[PDB]
Amino acid sequence: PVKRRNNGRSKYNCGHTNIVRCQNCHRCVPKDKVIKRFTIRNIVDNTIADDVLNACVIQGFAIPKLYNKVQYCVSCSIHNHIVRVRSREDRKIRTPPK
Amino acid sequence: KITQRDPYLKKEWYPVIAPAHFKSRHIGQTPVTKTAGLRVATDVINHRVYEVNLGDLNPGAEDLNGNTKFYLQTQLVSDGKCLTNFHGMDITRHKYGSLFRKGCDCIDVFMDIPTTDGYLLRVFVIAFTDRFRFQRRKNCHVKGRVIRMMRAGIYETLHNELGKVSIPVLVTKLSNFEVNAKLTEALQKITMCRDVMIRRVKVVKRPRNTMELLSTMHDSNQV
Amino acid sequence: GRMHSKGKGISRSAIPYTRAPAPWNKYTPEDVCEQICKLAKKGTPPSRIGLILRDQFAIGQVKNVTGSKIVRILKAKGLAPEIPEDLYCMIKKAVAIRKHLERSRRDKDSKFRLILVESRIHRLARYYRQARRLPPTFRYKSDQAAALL
Amino acid sequence: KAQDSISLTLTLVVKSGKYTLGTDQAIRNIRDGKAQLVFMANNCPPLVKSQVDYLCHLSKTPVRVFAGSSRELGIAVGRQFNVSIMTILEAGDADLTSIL
Amino acid sequence: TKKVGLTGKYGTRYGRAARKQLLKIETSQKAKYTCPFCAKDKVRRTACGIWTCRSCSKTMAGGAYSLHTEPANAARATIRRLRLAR
Amino acid sequence: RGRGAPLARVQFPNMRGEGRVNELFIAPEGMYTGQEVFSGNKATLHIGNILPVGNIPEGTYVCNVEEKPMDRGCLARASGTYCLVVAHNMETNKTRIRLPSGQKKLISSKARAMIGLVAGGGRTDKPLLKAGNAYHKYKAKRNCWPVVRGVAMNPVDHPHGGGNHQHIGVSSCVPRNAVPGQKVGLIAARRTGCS
Amino acid sequence: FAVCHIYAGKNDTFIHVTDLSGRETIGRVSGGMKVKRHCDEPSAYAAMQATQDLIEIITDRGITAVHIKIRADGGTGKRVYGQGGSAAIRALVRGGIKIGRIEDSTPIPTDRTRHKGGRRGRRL
Amino acid sequence: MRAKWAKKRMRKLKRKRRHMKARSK
RNA sequence: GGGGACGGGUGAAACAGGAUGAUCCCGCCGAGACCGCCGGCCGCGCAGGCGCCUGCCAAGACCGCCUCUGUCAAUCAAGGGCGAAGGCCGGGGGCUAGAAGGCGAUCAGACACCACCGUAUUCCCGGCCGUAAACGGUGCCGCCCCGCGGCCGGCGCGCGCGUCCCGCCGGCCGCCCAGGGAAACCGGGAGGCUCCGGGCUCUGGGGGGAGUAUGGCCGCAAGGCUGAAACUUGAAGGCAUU
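Residues numbered from 1 in each chain as written, not as in the entry; some residues may be left out. Chains lettered and ligands numbered in written order. Part of a larger assembly, values for the part shown. Heavy atoms only, no water. Residues with missing side-chain atoms left out of burial classes, pairs and counts.

This entry lists cryo-EM as its structure determination method and reports a resolution of 3.4 Å.

Structure, rendered in C-alpha cells:
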C-alpha cells in the first residue's frame, strides 16, 4: 500500500533536492523529507534571565535571542519526539498543533 | 589591577583609548607582562584589536546602537595609552538572525571600496523584501527584474556615498547610520524593502605608517 | 503539443469571420501590393512584410484587402524567397548555436538543442523538396551550413 | 546590440552596398576617397594596420576594428576566405555602426 | 583500418597503453593548428616547442605536441586580467 | 641540443656602444618571431618581458627567475615549468616564489624573471616507447644510458653486488653521511614504499 | 570589564576570562578538573563548581565585570549549547560579577565540509 | 539486502567461471 | 603571544593527544573543498539534474497578436546523442569526510554497530562505463469531463486605485461529487470500458531454476544488452479485516 500521497517528501516539479544531514544522527536526508522545525530561543534560560538582566551594567539590553533551524532525519525525529506516529485519520492534518 | 600589587604578579595594565568619534573614548585596560628578554611590554600591546559595541562607544540608545560592533586596533602605544583605529564594523549575530524570515527574498551585495588614505575596504550589505500594505498574496517574493534593479541601486548608491570617502568620515558615516538610510531610500522607490543595512565593513588592505591618520582619528576632536 | 518539447501552449492568432476589407482602410490592392514590393526591396521577410502592413498601414489582413497572401504576391512577381523563410530562419539558429559551440565544447545542453533544431531543418526540407518549393538538389549538411546562410 | 547591428549591417551591405575585401584594393580605395567606412580585423598584420590608419587619417575616412579575426570577419562578410581589411565603397542599406 | 589509426606503424608491439597514449600525442604532434597571427590552419611543428606557420611564415613558442597548452592558456588569461588591473 | 625547451634569439640595442647585442632566452610559451620583448623596471606585464619580481603582480606565472638579483636566471628553466608570485613584503623588500617543486622561497624583490611559463610543455607525457627513442635523448645530453643495476654486477663492481640470487642483501636506505663508494641506493630516505 | 568565553559542548565546558583583545588570559578553568567521572565533565554541577574557582581568580585580578561569549562546539556540528553554559553563567552572577554584554560566538559555517558519520549517520 | 547480496554472490561465481573457461581458453 | 593540567571520546568507556606546555583564547597565515540561514505543496531543465559574486555567450518554455507558411503531423523498431552515484583510464590536485586496512571497547564470538587513525575515493580536465526504488513504482499525442481552494509566469477586464478584484491562457498542486477499482485509492484519472474498438510503441502470462547456461554484440575491466532449457513445485503474491 502507499502510506502517503506526499511520499514523505514535499518534492513537486523536481527530480532532486539538496541533501542536508540530521543534526543528531548525521544521516544525509534530502531537504524535502527533513523535519525542519525553526526555533528562536533566548541566549540564557528564563530561570537565569532574571539574574543576568539584573547583572548587566548597560542601560537597556535584553538577553539576545538564538536562532537555529533544526533539521532532523525521520528516525531522529520519532525517537526524540519532534514528530509522532499518527492514525490514518489524523495523518492528513497539516496545521501546526499545540 | 596588578601593578599596585604567579604569572600575573609581573604584569601591568596600559589603558586603551578609542577614536575621537566615540563619546566614551576610554574603553578598556590591556594586561601586559613587565619587560624581560627582548620582549618589551609596548611591542606586545602595539597590535591588539578590541571589539566594542556602538552602545558602549556612544552610550545612549541600545536599540538604535548596540547591535553594531566596531573592531578598533592599537596602532601606537603613546603615553601609556593604546591609541586605536578602524579594523572593521559588524552587526551582532543576533541582528543577523533576526533579519531572516521564511517567505521573504534576500538581496546581499559586497563591494570593494577604495579610500584616499589607501585602505581597500569591503562593504558587506544585507537587504530583505517585505509585504506590501494591501497585498492578498502572503509570501513576499519579488520577480527577478526587481531584484536586479535593487542590486544595482545598492551598488550605485555605495559608489555615491563611500566611493570617495576617506577613513575618518567613513567611521562617522558607519556610526551615524546615514549609509544604511540612503540605501533604504534608493531601494524604497524600487520596492518596499526592509533591513537594508551594512552587515560588515572589513579592511582588505591597510596602509603603512597610518600614524598621521591615527592622530586625526583617535585624537584631533577638532577634525 | 510542441514537436520537440513536452510543453503544451496555445497562443494563436484568430482571423476575423469577415474576409472582406475594412471600411476605415483606404488602400487599393495595388496600393498595398506596392508596399509589399518596396518592403521586398528593403529585404524584409514576409512575416515582417505582413506585420508592417498591419501596424504602420491599417491592413490587418492582406488576403482580405487583396486576393492573395504575401508570398502569392511575391511569387507572381518572381520575388519570393529562394529558400522558404521558415527553413532559412531555422538555419540561422543552427549556425548561431554552432558558433557558440565552437567556443564552448562543454555546453552539452546547447548541443542537444542543436540536434532538435537540425532535425526540424531536415523534416521541413524533406517537405519543401517534395513540394518542390526547394530544388531537389538542396541538402542541409551542417559544416557547409555557414555558406548556405 | 552594437554587435547585433554589426552583423546585420555587414550582411545588408553584402546584399545592398558595394564593398571590397582585401588590403591592396583597400589601400587603393581609401587613397582616392571612394571608401565611406573601412573595417579592419583584430589580427590585421601590424604594419598594414598602421598604414591603413594613417592613410585613413590623411583621407579622413573612418577606420574601425572588427570584434575579431580575419577568419571571423570573412565568415561575417559571408565568404570562406579570411578578410583582414574590408572597405564599404558605398552603403545601399544601413550604416549605423560606424560609431566614432 | 579501425581502432589503431596512426599506431599501425608500431605493429603488434609496445603494448596497448603505449599505443593508445601515442595515438593521442602523435595525432596532436602531426596536426595543423591556426596561426594566431595569420588566422590560417597552417601551423605545424618543427621541433618540440617550435611551431611554424607555413603561410604566415612566423615561428611561435608552443607546447611540445600542441601549439597552445592548457597551463599556458590559463597564464595568458591571468596575465591580461592582472595587467588590466595594474 | 639537450634542452627540451626552445631557446630564443632576441636583439637588443647596444647601450654601451653602437651595435645590436643578441641574447639567448628560454622561450616562454607564446613568444613569436618579431615580438617586442621589453626588459627593465618600467617594463609592462606581457609574456616575454623581464620585470623585477617585486614589480610583477601576484599570481603571475614566471620563468627563468633569478634567486639573487643580477644572476641572469637560475629557477624555472625546464620545459613547461614555471614559478608563481605569492607575496611581496614591502618592509623586507623580499617576495615569496612558489618553486616548480611546490617549495616556497623568499627572494629579493630586485631579482628579475620573464613573464610566462617555459615553452615545451607536456614533453614528458609522450612515452619514449623505444630504447632507441631514449638513446637519442641521452646522446644529446650525457653518457647516462643504458643503466645497469648493481644486483646484476659483481661484488667488486658494486655495493649491491653479486650473490647467488640477485638480492640487495641489506637495506637500500643508506645514511646521509655514507662515504663516497657506499652512498648507493636510497639516500637519507625519510620514508620508502608506495602510499 | 573582561570577556568571558564559556565554550559549552558535549564532553566538557571551558570558562575562560581574557581582556577585550583576548591576547592575554586573566584566568581559565574548565569543568572536568572538578569531577572524576568522564560523563559529568559537560554537566552543570561541574561547571558551577568550576566557575566558583574562576570567580576567586578574577576577583583577585581586578576583573570586576565580564562580557560573555557563550559558544557551542559549533563548526560543522552542534550549534546547541551544552548543559554547562547556563550553570557557569549563573555562577558568574551568583559570585558578584556584572555581565556587561552577552553574544553567540559559536563557529558557524557559510557552506561546509562533510561532518563525520556517513550518509547513514551514527547508527547507535 | 538479500537481493543485492544474491547478485554479488552470482557475480563472484560468474567471474570464477569466466576465469575457469579462460584456463582452457 | 597569553595562560596553566588535563584534553578527546561515549551509552559508559578505552586506544590514541598534553610540562616537547596540549585543550582553551587571540593575532595571523597556507591549502583544498563547500555555497549556510533565506530555501518552499518556489521555480527551471529532455531526463539525469539544477543555489557564492561579477561579466559574457548561445538557448528555452509560457504568454500576447487581424504576422508567415499551408499539413509541413502522431508514435516509433533499426540507428544517433544524453544519462545520479559508484567504478575504470591518462594527467592535475589533495582540505573534509572516508569503501579497504588497522585499531580500542564490546560480547560466547564478533573481524560488526560505537570511538580513533587512515588508502582508493570525494574535487578538476580529457575520455570510458551505461547502471539506480533512473518513481508518480503510472509511456506518448488527442477529446469531453464537478465543484472549492493555494501557488506560479504572462495577458486583459473592472473600479479610484490597491502587488485590489474578476476572469483568460500555460505550469505546479491540495481536497473532492459522480464515475471507476479486489480494495488501497484515483478523480489535471486509475473517469467517460463486459454497455468491452481515437491512434502508435513497449512489456507481462502461477512460484522457482534464472537474469543462470550457451552463442552473439559491446566494454580496458568491472560488467551491460540479448537470453534459454533440463528440472522442481501447490502455492507464490495483491489489498483489506479481526
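### Quick word on the packing of helix α2 (residues 23–32) of chain D against helix α3 (residues 46–59) of chain D
Residue and element names in this part refer to chain D. Just so we agree on the cut-off: Interaxial angle, 0 to 180 degrees, is taken between N-to-C directions of lines fitted to C-alpha atoms, where a helix line uses only the stretch in contact. Numbering of helices and strands runs from the N terminus; a helix is a DSSP stretch of H or I covering at least four residues, while a strand is a stretch of E covering at least two. Note on terminology: angles under 35 degrees are roughly parallel, angles over 145 are roughly antiparallel, angles of 65 to 115 are roughly perpendicular, and the others are oblique. Note on convention: near helix rotated counterclockwise from far helix by under a right angle means a left-handed crossing. Clockwise means right-handed. Two residues qualify as a contact provided that any one of their heavy atoms is within 4.5 Å of a heavy atom in the partner residue. Charged means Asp, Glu, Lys or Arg here, nonpolar means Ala, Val, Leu, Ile, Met, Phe, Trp, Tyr, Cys or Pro, and polar covers whatever is left, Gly included.
In contact at an axis separation of 10 Å, α2 and α3 are set at 20 degrees when each is read in the N-to-C sense. Looking at the two axes, α2 sits roughly parallel to α3. Seen along the crossing, α2 lies across α3 with a hand that is left-handed. Contacts between α2 and α3 involve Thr-23, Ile-27 and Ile-30 on the former and, on the latter, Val-48, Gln-51, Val-52, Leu-55, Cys-56 and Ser-59. The class makeup of the residues in the contact of α2 with α3 is six nonpolar, three polar and no charged.

### As for the pairing of strand β3 (residues 25–31) of chain G
Put simply, the rule is: Each residue gets one of three labels from its accessible area relative to the maximum for its type: buried under 20%, exposed over 50%, partly exposed in between, using a 1.4 Å probe on protein chains only. For two strands to be treated as a pair, DSSP must find at least two bridges joining them.
Across the seven residues of β3 of chain G, five count as buried, placing the element largely inside the fold. Where strand β2 (residues 12–18) of chain G folds back onto β3 of chain G in an antiparallel hairpin, the turn is made up of six residues, including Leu-20 of chain G, whose phi is positive at roughly 65 degrees.

### Let's talk about the UniProt feature "binding site: Mg(2+)" (unreviewed entry) in chain C
Residues and elements named next belong to chain C. Heads up, the rule is: UniProt positions are given in the numbering used here, feature names are shortened, and annotations may be inferred rather than shown by experiment.
The sites that UniProt annotates as "binding site: Mg(2+)" (unreviewed entry) are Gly-7. Structurally, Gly-7 can be placed in the segment before α1 (29–42). Contact partners of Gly-7, with chain neighbours within four places excluded, come to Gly-1 and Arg-2.

### Let's talk about the state of the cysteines
Residues and elements named next belong to chain A. The criterion, for reference: Note on terminology: pairs of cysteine sulfur atoms within 2.5 Å are recorded as disulfides.
Scanning all chains against the criterion turns up six disulfides over all chains. The disulfide that involves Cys-25 links it to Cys-76, with 2.1 Å between the sulfurs. Here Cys-25 is found in the loop between β1 (19–21) and β2 (28–30), whereas its partner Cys-76 is found in helix α2 (residues 74–79), with 51 residues between them in sequence. Given a relative accessible area of 14%, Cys-25 falls into the buried group. Taking the relative accessible area as the measure of exposure, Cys-76 reaches 1% and is therefore buried.

### Points about the interface of chain E and chain F
Counted only if it meets this: By buried area we mean the combined loss of accessible area, with a 1.4 Å probe, across both parts when two parts are placed together. Salt bridges, as used here, are contacts in which a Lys or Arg side-chain nitrogen is within 4 Å of a carboxyl oxygen on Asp or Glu. Distance and chemistry together define a polar contact, namely a pair of N or O atoms within 3.5 Å, with one atom able to donate a hydrogen and the other to accept it when in protein, and with adjacent residues in sequence counting only for side-chain atoms on both sides.
Counting from both sides, the interface comprises 33 residues of chain E and, opposite them, 33 residues of chain F. Carbon and sulfur atoms supply 64% of the area buried between chain E and chain F, which totals about 2600 Å² over both sides. Taken as a group, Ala-61, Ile-79 and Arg-86 of chain E account for 23% of the area that chain E buries against chain F, more than any other trio of residues on that side. Between chain E and chain F we count zero salt bridges in total. Counting the contacts that link chain E with chain F gives 10 residue pairs in polar contact. For the side of chain E that touches chain F, the elements supplying multiple residues, two or more each, are α1 (15–29), β3 (59–61) and α2 (70–85) of chain E. Looking at the side of chain E that touches chain F element by element, the count peaks at nine residues for α2 of chain E. Here the side of chain E that touches chain F is composed, by residue class, of 19 nonpolar, nine polar and five charged.

### With respect to the UniProt feature "binding site: Zn(2+) 2" (unreviewed entry) in chain A
All names here are of chain A. Here, UniProt's "binding site: Zn(2+) 2" (unreviewed entry) annotation points to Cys-22 and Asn-24. Tracing the sequence through the fold places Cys-22 in the loop between β1 and β2. Sequence-distant contacts of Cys-22, defined by excluding residues within four places in its chain, comprise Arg-27, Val-29, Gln-71, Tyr-72, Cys-73 and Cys-76. Mapped onto the elements, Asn-24 comes out in the loop between β1 and β2. You can call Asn-24 partly exposed: its relative accessible area is 44%. The residues touching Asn-24, leaving out its near neighbours within four places in the chain, are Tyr-72, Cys-76 and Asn-80.

### Things to note about α1 of chain C
Each turn of an α-helix holds 3.6 residues, which means side chains three or four residues apart point in the same direction. Residue and element names in this part refer to chain C. What counts, and what does not: Here the expected span of a helix is defined as 1.5 Å times the quantity of residues minus one.
Taking 1.5 Å of rise per residue, 14 residues should cover 20 Å, and α1 covers 20 Å from first to last C-alpha, within 8% of that figure. The opening residue of α1 is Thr-28, an N-cap whose side-chain oxygen sits 3.0 Å from the backbone nitrogen of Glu-30. Looking at the residues trailing α1, positive phi occurs at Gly-43, about 90 degrees.

### Comments concerning the interface of chain D and chain E
Between chain D and chain E, the contact holds five residues from the first and seven residues from the second. For the chain D face of the interface with chain E, the top three residues by lost area are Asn-43, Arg-71 and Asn-82 of chain D, together amounting to 92%. Put simply, chain D and chain E have one salt bridge between them. In this structure, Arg-71 of chain D and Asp-41 of chain E form a salt bridge, with 3.0 Å as the shortest nitrogen-oxygen distance. Connecting chain D to chain E are four residue pairs in polar contact. Here the residues of the side of chain D that touches chain E are counted per class, giving no nonpolar, four polar and one charged.

### Some points on the pattern of salt bridges
Using the criterion set out here, one finds 24 salt bridges over all chains in the structure. Taking the shortest distance from any N to any O, the salt bridge between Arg-94 of chain G and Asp-51 of chain A comes out at 3.5 Å. Of the two residues, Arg-94 of chain G sits in helix α2 (residues 84–94) while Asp-51 of chain A sits in helix α1 (residues 46–55), which places them in two different chains. A relative accessible area of 59% means that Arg-94 of chain G is categorised as exposed. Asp-51 of chain A gets classed as buried once you look at its relative accessible area, which sits at 5%.

### Describing unusual backbone geometry
All names here are of chain F. Cis rather than trans, the peptide bond between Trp-145 and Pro-146 has omega equal to -20 degrees. Tracing the sequence through the fold places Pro-146 in the loop between α1 (131–139) and β9 (173–174). For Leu-129, which is not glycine, the phi dihedral falls at a positive 75 degrees. Looking at where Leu-129 falls in the secondary structure, it is placed in the loop between β8 (112–115) and α1.

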